[PDB]
Amino acid sequence: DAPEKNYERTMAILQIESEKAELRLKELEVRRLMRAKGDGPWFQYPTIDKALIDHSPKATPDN
Amino acid sequence: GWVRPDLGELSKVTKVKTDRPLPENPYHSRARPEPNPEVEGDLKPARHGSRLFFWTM
Ligand SMILES: CCCCCCCCCCCCCCCCCC(=O)OC[C@H](COP(=O)([O-])OC[C@H](O)COP(=O)([O-])OC[C@H](COC(=O)CCCCCCCCCCCCCCCCC)OC(=O)CCCCCCCCCCCCCCCCC)OC(=O)CCCCCCCCCCCCCCCCC
């Protein structure tokens, strides 16, 4: 191969791998923040559905 | 002149005209927490694949 070909192919390799490494670091930071705060879509552990609640007038009023 | 109610009448659900206001918060509840932000936007492919150590897809 030409030195030009090896050179610019190396530059394409380095761009792809440095982008993947920066995305992995951001992935770790996103996971840490979402586990710590619970405000993203990950680590959304379930709670009770409020659509199960009966809101009808019951037998006794103090409720 | 009072007429005794028939079978079924005293168990009816009646309507009541009042002058007191309807309670806006009968449970004395505070404000609910704001929900988590939803998903929006188109779903793009994963940038350079799985990014699992050496797999290019
Ligand atoms: C117009 C419409 C139609 C268009 C058609 C266009 C195509 C026309 C040709 C049609 C045929 C296409 C075939 C698939 C494309 C080439 C795939 C390829 O070589 O990937 C290179 C892949 C990465 O190299 P690359 O230079 O970065 O990529 C070049 C391409 O861009 C590769 O592209 P990529 O980067 O996008 O690839 C994605 C990713 C690229 O890979 C990666 O990102 C790296 C991770 C790969 C897996 C590493 C696992 C490590 C631990 C396990 C080690 C395995 C043990 C070794 C084998 C044991 C004995 C079988 O692949 C994978 O992750 C898939 C896993 C590997 C399977 C590859 C395909 C195998 C098909 C036949 C299987 C036969 C057995 C093969 C050996 C079994 C093990 C592979 O090479 C390796 O990982 C080396 C291992 C060997 C790969 C298999 C070679 C396929 C041809 C075998 C023929 C001879 C068989 C002899 C008999 C059986 C064995 C005894």
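Every chain is numbered from 1, with letters handed out A, B, ... down the list of sequences.
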Taking a cut-off of under 4.5 angstrom between non-hydrogen atoms, the residues of residues 27-47 of chain A near chain B are A/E27, A/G38, A/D39, A/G40, A/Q44
More than 12 heavy atoms of other residues, nucleotides or ligands under 6.0 Å from CD of B/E34: is that the case? no
Applying a heavy-atom distance below 4.5 Å, give me the residues of residues 16-25 of chain A that approach chain B, sorted by number. A/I16, A/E19, A/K20, A/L23, A/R24
Per-pair distances, 0.1 Å, donor-acceptor, side chain in residues 55-63 of chain A, under 3.5 Å, sequence neighbours excluded:
from: A/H55; atom 1: ND1; to: A/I53; atom 2: O; distance (Å): 3.2
from: A/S56; atom 1: OG; to: A/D54; atom 2: OD1; distance (Å): 2.9
from: A/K58; atom 1: NZ; to: A/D54; atom 2: O; distance (Å): 3.0
from: A/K58; atom 1: NZ; to: A/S56; atom 2: O; distance (Å): 2.8
from: A/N63; atom 1: ND2; to: A/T60; atom 2: O; distance (Å): 2.7

With a 6.0 Å cut-off (strictly less than), is the heavy-atom count around CG of A/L52, excluding the residue itself, greater than 12? yes
Test of understanding: clusters of I, L, V, M, F, W, Y form through side-chain heavy atoms closer than 4.5 Å, transitively. Do B/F54 and B/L52 belong to the same one? yes
Within residues 1-10 of chain A, which residues come under 4.5 Å of chain B, heavy atom to heavy atom? none
